[PDB]
Amino acid sequence: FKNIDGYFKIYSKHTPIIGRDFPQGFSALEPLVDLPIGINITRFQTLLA
Amino acid sequence: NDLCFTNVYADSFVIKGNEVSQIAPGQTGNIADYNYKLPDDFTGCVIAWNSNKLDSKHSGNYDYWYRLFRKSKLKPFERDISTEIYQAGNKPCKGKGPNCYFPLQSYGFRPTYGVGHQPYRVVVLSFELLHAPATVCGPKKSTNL
Amino acid sequence: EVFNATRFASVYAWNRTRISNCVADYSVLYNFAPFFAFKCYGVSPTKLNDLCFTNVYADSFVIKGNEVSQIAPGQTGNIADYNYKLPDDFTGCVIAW
Ligand SMILES: *[C@@H]1O[C@H](CO)[C@@H](O)[C@H](O)[C@H]1NC(C)=O
Ligand SMILES: *[C@@H]1O[C@H](CO)[C@@H](O)[C@H](O)[C@H]1NC(C)=O
Ligand SMILES: *[C@@H]1O[C@H](CO)[C@@H](O)[C@H](O)[C@H]1NC(C)=O
């Protein structure tokens with residue numbers, strides 16, 4: 001994620017990979033959505049299930 | 001009317017006469033530095049028309065607001081809505097009066113000022129001419145490829 | 001010597017002192033007076049110490065409370081019309097304590 005001039009950009013690529021975790025083989029990222037929020041962001045948090 | 005823009009941002013606000021001259025890429029002044037700042041590589045339009053009929057009445061009207069006291073400069077296209085008293089000297093003072101000043105003062109408007117003090121209604125239009133699926137266009141023909 | 005004065009003249013005869021050939025540190029103005037109106041028009045009150053001025057005029061006069069709000073560019077009243085009129089293009093600050 002990033003917030004250059006608003007325009008919230010989200011990139012992703014799924015792969016039940018090696019399964020190890022942060023793997024090593026190279027992997028690009030395919031953007032999914034790009035939506036112009038244009039607000040101030042400084043802190044970040046994650047939700048659970 | 002013959003371009004394609006990805007997205008358009010319309011920012012609208014009433015400012016005074018000299019402030020119209022102030023509003024421009026990278027200008028100087030307590031509006032350009034603490035109230036609103038356009039990016040230097042701005043690609044858009046600024047619109048300003050006189051409004052003495054909607055921002056004025058008998059006995060005056062002090063509804064509007066503007067900031068003169070900010071801890072730092074204003075980054076382009078960033079809002080700093082907040083009511084924090086400016087620090088003076090080294091006092092953690094929280095209040096009005098001496099060396100404890102309210103950041104924002106009235107933009108008081110009356111039907112009888114000078115042109116430089118008249119209630120100019122300013123709206124700015126921001127375009128994004130980059131390589132992306134555009135949204136906004138004008139007249140169009142759909143000749144077959 | 002303009003803020004430690006003892007006989008600030010009346011508004012009808014506003015003493016005008018000419019300030020030149022000096023370095024204008026505004027903390028000496030900041031410490032001498034517990035302000036109540038330090039409104040500025042042409043320049044930013046935070047940004048006074050980084051500018052060079054060809055000349056500085058300090059008009060001093062003691063006046064009533066509401067008349068403090070009266071004193072401003074483009075104003076009216078018995079003082080703004082007959083005693084002291086601030087021009088519409090004023091590049092400076094006013095101080096009331
Ligand atoms: C956003 O808010 C944080 C926290 O108040 C502040 O440090 C930062 O300068 C702000 N910036 C923008 C872009 O509004
Ligand atoms: C006048 O000068 C004296 C001596 O420095 C100082 O103590 C006092 O605070 C000053 N008062 C004003 C009003 O400037
Ligand atoms: C300004 O003139 C008045 C006249 O009454 C005087 O009392 C005051 O001391 C003068 N201020 C100066 C010369 O700084």
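Since every read-out is calculated from the coordinates, none of them should be taken as a lab result. Cβ sites come from the backbone with ideal geometry, for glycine too, and all protein chains shown count toward neighbours.
If I ask for residues that are of a type in the set (A, V, I, L, M) and surrounded by 14 or more Cβ atoms within 10 Å (Cβ to Cβ), which ones from region C:14-36 would you list? Steps first, answer last, please.
Going residue by residue through region C:14-36, those that are of a type in the set (A, V, I, L, M) are C:19, C:23-24, C:28-29, C:33.
C:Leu29, C:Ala33, listed by residue number.
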How many residues of region C:27-64 are more than 10 Å from chain B (Cβ to nearest Cβ), under 16 Å from C:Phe8 (Cα atoms) and assigned to a loop (DSSP other than H, G, I, E, B)? The answer is 4
Looking at (1) touching a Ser or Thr at 6+ places or on another chain (Cβ under 6 Å); (2) under 29 Å from B:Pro103 (Cα atoms), can you tell me which one C:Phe8 breaks? (2)
Failed item, numbered, when C:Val11 is tested on (1) in contact (Cβ under 8 Å) with a residue 60 or more places away in the chain; (2) surrounded by fewer than 11 Cβ atoms within 10 Å (Cβ to Cβ); (3) in contact with a helix residue (DSSP H, G or I) (Cβ under 8 Å, 6 or more places away or on another chain): (2)
So which strands (runs of 3 or more DSSP E) stay within region B:23-125 end to end and still have 2 or more residues that are of a type in the set (A, V, I, L, M, F, W, C)? B:44-50
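I need the full set of residues from region C:65-97 which are part of a helix (DSSP H, G or I) and out of contact with any strand residue (DSSP E or B) (no Cβ under 6 Å at 6 or more places or on another chain), in order please.
Correct list: C:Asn66, C:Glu67, C:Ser69, C:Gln70, C:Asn78, C:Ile79, C:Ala80, C:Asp81, C:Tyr82.
Given C:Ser44, C:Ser69, which one is of a type outside the set (D, E, K, R) and more than 15 Å from C:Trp97 (Cβ to Cβ)?
So the residue among C:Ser44, C:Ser69 that is of a type outside the set (D, E, K, R) and more than 15 Å from C:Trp97 (Cβ to Cβ) is C:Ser44.
Would you confirm, using the coordinates I've provided, whether C:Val94 is within 14 Å of the chain's Cα centre (by Cα) and either of a type in the set (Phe, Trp, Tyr) or away from ligand 2 (no atom under 16 Å from the Cβ) (or both)?
Yes.
Quick check: is even one residue across region C:13-29 among the basic types (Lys, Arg) and closer than 28 Å to B:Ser106 by Cα?
No, that holds for no residue.
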The one condition in (1) within 23 Å of C:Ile95 (Cβ to Cβ); (2) buried (at least 16 other Cβ atoms within 10 Å of the Cβ) that B:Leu74 fails to fulfil: (1)
Within region A:17-49, can you find the residues that are under 30 Å from B:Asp11 (Cα atoms) and of a type in the set (A, V, I, L, M)? A:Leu32, A:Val33, A:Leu35, A:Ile37, A:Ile39, A:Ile41
The condition from (1) within 24 Å of B:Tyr66 (Cα to Cα); (2) among the aliphatic types (A, V, I, L, M); (3) under 14 Å from the mean Cα position of the chain (by Cα) that C:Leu51 misses is numbered (3)
Positions within region C:1-36 being within 11 Å of ligand 3 (Cβ to nearest atom) and among the charged types (D, E, K, R), in sequence order: C:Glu1, C:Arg7, C:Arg16, C:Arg18
Is it true that C:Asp59 is of a type in the set (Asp, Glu), surrounded by fewer than 17 Cβ atoms within 10 Å (Cβ to Cβ) and in contact with a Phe, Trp or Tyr (Cβ under 8 Å, 6 or more places away or on another chain)? yes
Within the set of pairs 6+ apart or on separate chains, which have a first residue in region B:60-71 that is within 14 Å of chain C (Cβ to nearest Cβ), a second that is among the hydroxyl-bearing types (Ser, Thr, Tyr), and C-beta atoms under 6 Å apart? B:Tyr62/B:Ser106; B:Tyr66/B:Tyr107; B:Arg67/B:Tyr34; B:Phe69/B:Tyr86; B:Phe69/B:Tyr101; B:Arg70/B:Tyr34
